[PDB]
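Right, one structure below, let's go through it.
Residue numbering begins at 1 within each chain, and the chains themselves are lettered A, B, C and D in the order written.
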Amino acid sequence: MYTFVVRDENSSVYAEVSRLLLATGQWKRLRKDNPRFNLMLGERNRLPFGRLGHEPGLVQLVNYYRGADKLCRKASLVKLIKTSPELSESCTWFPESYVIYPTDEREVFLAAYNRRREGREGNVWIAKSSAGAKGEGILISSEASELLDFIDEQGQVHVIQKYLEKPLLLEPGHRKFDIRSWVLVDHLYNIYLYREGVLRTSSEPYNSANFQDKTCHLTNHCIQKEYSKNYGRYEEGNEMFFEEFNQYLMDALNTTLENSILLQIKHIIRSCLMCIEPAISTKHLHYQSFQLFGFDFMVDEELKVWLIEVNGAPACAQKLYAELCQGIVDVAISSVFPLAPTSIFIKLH
Amino acid sequence: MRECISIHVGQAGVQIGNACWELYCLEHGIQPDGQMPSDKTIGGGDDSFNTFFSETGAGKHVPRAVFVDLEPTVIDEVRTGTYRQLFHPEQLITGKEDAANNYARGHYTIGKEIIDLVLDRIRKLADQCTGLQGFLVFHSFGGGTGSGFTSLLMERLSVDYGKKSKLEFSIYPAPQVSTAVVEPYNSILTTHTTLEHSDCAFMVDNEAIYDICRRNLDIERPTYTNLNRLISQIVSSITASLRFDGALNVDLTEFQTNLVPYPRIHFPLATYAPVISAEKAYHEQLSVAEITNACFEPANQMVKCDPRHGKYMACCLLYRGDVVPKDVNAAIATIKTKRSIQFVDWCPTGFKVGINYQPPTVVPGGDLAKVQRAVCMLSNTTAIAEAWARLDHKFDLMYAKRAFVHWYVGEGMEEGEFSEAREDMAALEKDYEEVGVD
Amino acid sequence: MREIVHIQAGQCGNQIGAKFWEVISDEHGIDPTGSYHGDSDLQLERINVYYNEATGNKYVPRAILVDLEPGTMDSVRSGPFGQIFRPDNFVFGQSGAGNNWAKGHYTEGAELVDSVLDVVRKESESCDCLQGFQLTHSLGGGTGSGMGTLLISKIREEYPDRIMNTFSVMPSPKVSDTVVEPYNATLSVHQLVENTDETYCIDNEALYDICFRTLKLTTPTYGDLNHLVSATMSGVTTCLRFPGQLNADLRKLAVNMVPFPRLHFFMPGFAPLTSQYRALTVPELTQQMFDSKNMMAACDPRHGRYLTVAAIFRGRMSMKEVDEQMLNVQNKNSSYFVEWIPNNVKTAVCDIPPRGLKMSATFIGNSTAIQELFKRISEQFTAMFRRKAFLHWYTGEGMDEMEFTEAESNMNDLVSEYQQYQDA
Amino acid sequence: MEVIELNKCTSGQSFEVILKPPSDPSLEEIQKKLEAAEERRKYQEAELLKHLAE
């Protein structure tokens, strides 16, 4: 009989995992402040890692990797990519980015902007922050003055980045979209990619002449389910799953999802997680970690994949909660606490 | 030549002291009767080993040490043990009834009755020094004497020897071998009143020693004797520079100068390698790179914590055995490329290295195999504040209900001293976070 | 902290006290004439905690025998180990106490107490380092209950800085001598709340149920109940009598077990209890010692929570297995241990098993479910007191009705105080 | 990776390797607090003896 505690009441994913664990008859839930637990479903902020692994006789496991925020904060992700020789600052799959405080990279950002200015190249940049939750905190502009002035009005650090001006458009609708992949890293640092992804699409036609109507430019579910007068017009919930997307790629482009996009996604996931492996592995630590990640990708018109951001506390799509949650129990929980069929994950080496 | 005086307080301090001086005698070739055939200046001399041993006209080498316990059981073993001939009565002080795991008892009630006797017995060793440099004080956090009487002794030593250095070797409490539920109270009370009187303190977590003994020595249920033999090897690596010819850490002042830029943050983390089982008949000999890389495994640290999520303020490497400088630099260069080693911005990223050609000495018939080379690393990393956070949390759970507080008030302590001491640890936790986190 | 002074008072206190000395005298190799005939140095290392040494290498219990009538103490002096006690240490009168707390505490007992205190004073003065005192008695009668608590009040006045410890037998209508036992017990609990550091609550209702249900004895006697009390007392004093690290003296024990001065009433347990030659595995020992059916206070621990727990394992066994088994009990039932006292379960092992067993285990618990015992007593008390039934036996000895009212208030406060920490 | 201050002797040697540069209460007061605690201890005991005398 295994024991666990819950410290993030607002997690949709682990509310389900907590539910499955109980329905097995072999996991007992404890009061949230009881220390004699086998499994901690921890809080988002200030998780007390320093108090784990000191209970004699208990093997202790937590659903977060200490130090993984370097990947899951827009500011620090830029730094991790620029200064990591394993990523080279020249890796071809991350847009040109700069960190800008209201240290700072203001001077270098302006330098690349002039080069593009004289070069006549697409000079549309997007500014965003970490506290930017639910469609607010972004500005898309082709004039740097409006960008920096928008940042100096906010007290939080921000990031300026190339706005991908040539995105891949679905037809009909001429509409933007983005790909969410769910990735599970277990205590051994095996990397498991959930076979099911999802596209979060814009129900409005992409209009590259007005970056002010941030509707056909932002793929967020919250913005499309409120501002876009065409919500649910094409797919149920502006969510298209991989079978349809694949069939579309076969019908429209004479290719498949695996060849044109998945090889690159798998490459990007491995690079990011292998880079920080020596800093966050718990292979010889007194407690163990696993964590579910949400990778967000862009696809351009040349079928090139771009990494947008990594989410450390992601939620799932409605119809995918069941299958994926059982997989967390199987691969990441029962692997450490065994209980008494083709996999739903792809293992990346 | 400058002398050093060792002071051992409470059961933990006395038993570890016994283990250390046994090791010293083996290292310096001093028989249990005190004679030393290699010493050719009879009855005197100012060699390196004379910083820990004085000499009688009969050629006996006597440790510059003092043993203090508020109960006589543990010091009586010293009085009748293998090295009974080493010390003389004046160096062994014992009371009648102990502190009952009650800091207030060891500090106020009982300490007040013995402090002058202890100080006067210490004054006798001091008077026999031509240039005393300070004290090394061994004790536990959790016992009533080790915590309560030690803190009183440190206050008085600062008054009577204001210009002298004071170093601590402290045992941090672990439930797997602990004897009292109130050990968190005592730990925090003694860290509060002792902080400003200690220049450098080395914490040993019994949990960490316990696990090393089960893992690397294959001991089912380690005992204090197992633990103390391993602790003595580490203590010996740290004091070896005071006892042998050398150029690094040759006086107590150099420990502060080399490991402690900020006075309050004076708790360096110690890591030791290799620990090899002696029943292991055939074992491969580890290289300089292998034992140096092991200094960055949490499993070999005296306090479990993750230095990858902290910052370094200083770092010393102390080798014993077949080790030359170029093998060390070759090992360090390789480790830099594979490890997360972050220093604070206002400190150099470097290492101070000392090599002593004599390989570690091991008590015959003990648990540790003899190796061709070993290393002890001392690093001042903010990650050690994880141990303060564990301790403070346990204190918070009990004090919110005032559990056990009546035992302390009964001895004369006011309830205010509790929060006074808990507010100081709160500041100390904040000092570590300012120094090490972004 | 070496010498303990033992005191036994009244019929129950002396009948249990005598069995205790037979059992532990056997463990330390002391024969009925005070000669030592052991074969292990472990037997003599801490023999001074309970025994004085006389000429010719004789050992004399540091025990004082008290009663207001001679009956039960003549039987002790004629018992198996009767001749081992110091003759001067028998102190007794003739009137008896008629199962009346007021006679023991205020009239008959008052006349005799100064003689007891003279003998106590004589044993304490020869002590190198007196730890404190332990008293055996029942709460349902007159001498052990009324004079016992008077003794404790006066020892404290003379030795305020020593530990005071009792084994107290609680009455039950199922093993009852008179209808006034709830009056006597209620008056006594008030004294113990103020004047003892540790009290082991031994409930005659539990001893009876264990003899009937588990040991399969159709018609238990007091002798059968006292065999259980002997085994328990030997168990809970093991840490005082043999070399060891944990709870090795009375004051360190009280620091580990008592988080609030008034909540110092302990629930003891013992394993195994069998109706004999089969070996008991360490898992088996651990599951039985924690089972309510092995508890001596007739309280369901699943009805409250544990403040602190002390366990002792005796015999040659795997210390690794003992640690694993104890960690498994806490980990698999963490609901019943308070979370605001970290690591509140301590465990000791001694290599010398008790007579007749290869291994055994003894349990000492500070549980909030002990309030069920005081609620029992409080109900029985009030049922009579609301009609002032049987009070004339007490007002005839000079007591007033208000005193009873206060004793009742104090105990209902004690029950409220336990309920306070069961919900914290 | 600069090595500095290499000192050699018959029993060993020491040196330093640098990888990157940077970027009390009086005795009287002690006696007061100790005697303050002893006084509170004496007051608590006088209260017990008074209570027992009642």
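A few notes on this one:
Everything below uses one rule, namely that a residue touches a chain if its C-beta (ideal position, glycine included) is under 8 Å from a C-beta of that chain, and two chains touch if they have at least 3 such contacts.
Which protein is which chain? UniProt says B = Tubulin alpha-1B chain; C = Tubulin beta-2B chain.
By count of C-beta pairs in contact, B-D exceeds the other of the chain pairs A-B and B-D. Chain geometry summary: the mean Cα position of chain A and that of chain B (Tubulin alpha-1B chain) are 47 Å apart.
Centre-to-centre separation of chain B (Tubulin alpha-1B chain) and chain D, using mean CA positions: 14 Å.
Separating the CA-averaged centres of chain A and chain C (Tubulin beta-2B chain) is a span of 64 Å. Mean C-alpha positions place chain C (Tubulin beta-2B chain) and chain D at a centre distance of 43 Å. Residue positions 56 of chain A are each in touch with at least two other chains. The residues of chain D never reach two or more other chains; the list is empty. Counting partner chains per residue, chain C (Tubulin beta-2B chain) has residues 323, 339, 342 touching two or more of them. Of all possible chain pairs, the ones that touch are A-B, A-C, B-C, B-D, C-D. Those residues of chain D that touch chain B (Tubulin alpha-1B chain) in the shared complex are 1, 3, 5-7, 9-27, 30, 34, 36-41, 44. Put simply, chain B (Tubulin alpha-1B chain) touches chain A in their complex at residues 175-176, 207, 297-299, 304-306, 308-309, 338-340, 386, 389-390, 393. Chain contact summary for the complex, chain B (Tubulin alpha-1B chain) toward chain D: residues 104, 108-109, 111-112, 155-156, 158-159, 162, 196-197, 244-248, 325, 328-329, 332-333, 336, 343, 345-358, 410-414.
Listing the residues of chain B (Tubulin alpha-1B chain) that touch chain C (Tubulin beta-2B chain) in their complex gives 71, 96-98, 100-102, 175-176, 178-182, 184, 220-221, 394, 397-398, 400-404, 406-407. Remark: chain A residues 1, 3, 30-31, 33-36, 56-58 touch chain C (Tubulin beta-2B chain) in the complex.
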